[PDB]
Structures are given as C-alpha cells and as structure tokens.
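Accompanying notes for the structure given below.
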Amino acid sequence: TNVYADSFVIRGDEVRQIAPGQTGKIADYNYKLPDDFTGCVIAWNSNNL
Amino acid sequence: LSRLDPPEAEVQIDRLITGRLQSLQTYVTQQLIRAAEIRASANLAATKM
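From first to last, the protein sequence lines are chains A and B. Read in order, the letters of the first sequence correspond to residues 1 to 49 in the numbering used here. Read in order, the letters of the second sequence correspond to residues 50 to 98 in the numbering used here.
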C-alpha cells in the first residue's frame, strides 16, 4: 500500500534497541515500535559523516 | 501479568489458555457421553412406566 521511511542517527550501542518488544531510553522516550511491526530495519555507521 | 513484559506474558498466557481450554473440552466430552448414558436410562424408565 505505502512505504514509511523513518530516518535518524544514534550511537551504535543503542542499535539493538530498535525492534519489537524492546526497552530503553530510545525505546520509551525517543522512538517506539509496535509489537506486531512488519517491515525492515537498516543501520550503518556514519562516523566519517 | 505483574512481573514480565507483554512479549513474554503473551507466551506464558498462551500456554495457560491452551491448557485450560483443553481441560474444558475434556470436561464437555465426558459430560456428553454421560448424558447419552442417562438418556438411555431415561428412555428405559419411560418404557417401564
């Protein structure tokens, strides 16, 4: 039907927090995903940028 | 419900629900068979009357 592309930048240590049923400062106060989330998550380092 | 996250509570409650509804089905089947027996007895009683 549609594609929602959501973009941001965070430290690598918190990358694991982006998934259904996660906990953390990012997961609770920054960006919350539904438990039944369908779709893909992509991340790559941007220290040079 | 009061000790674990919703993702884990889902699995635990799933196990409990499966067990309990299985118990209900067992009970209902036993009741059906026993009711058939009672119906046979009642038909015999009516014939005797």
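Yeah, the Cβ is synthetic: ideal placement off N, Cα and C, and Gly gets one too.
When secondary structure is reduced to three states using DSSP, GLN22 of chain A falls in the coil class, being assigned neither helix nor strand.
When secondary structure is reduced to three states using DSSP, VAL15 of chain A falls in the helix class. In the structure shown, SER90 of chain B adopts helical secondary structure according to DSSP, grouped into three states. In the three-state reduction of the DSSP assignment, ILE10 of chain A falls in the coil class, being assigned neither a helical nor a strand state. Secondary structure remark: continuous alpha helix (DSSP H) runs of at least 4 residues inside the stretch 51–92 of chain B: none found. Interface residue (Cβ-Cβ distance to chain A less than 8 Å): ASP54 of chain B is classified as such.
In the structure shown, the three-state DSSP call for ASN45 of chain A is coil.
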